[PDB]
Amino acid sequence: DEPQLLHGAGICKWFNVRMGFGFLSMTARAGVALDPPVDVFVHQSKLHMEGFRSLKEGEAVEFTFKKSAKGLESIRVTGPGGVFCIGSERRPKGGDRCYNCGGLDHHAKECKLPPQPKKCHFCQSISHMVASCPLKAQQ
């Protein structure tokens, strides 16, 4: 008997918006840091966010995944702490998100979820703030 459902964290490795899928690079599996990082499939239907769903390369994610015949596959994908994903830089309203949950219809003062860790304004990482964002720097 061995695990069928696992928690993972990492970043979006790439995503094709038109096709609606891509891969995550998993940097931690069940709380264990991995080297090298491993690819986990992600389909648009599993993205936790409001409206047309996407990811951008480099955004911070957590997810639940399983092993399917084709390979590791995400079952649901969120930002850190279970908040909404960011999406493509072309996403309508995507530049005006609640600081706390990433939602599109309110601001942090009105947020109905409890205070979350501070996420980078550009990539949602909880390990840096935007003044030190390497994703923003190589963009």
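The first residue of the sequence shown is number 1, and the count goes up from there.
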Residue range whose averaged C-alpha B-factor is higher in the record, 80-88 or 109-117: 109-117
Average Cα temperature factor in the PDB entry - higher stretch of 35-43, 90-98: 90-98
Most elevated Cα B-factor in the entry, residues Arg53, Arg29, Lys56, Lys67: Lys67
Third of the chain's Cα B-factor distribution that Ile126 belongs to, per the entry: highest
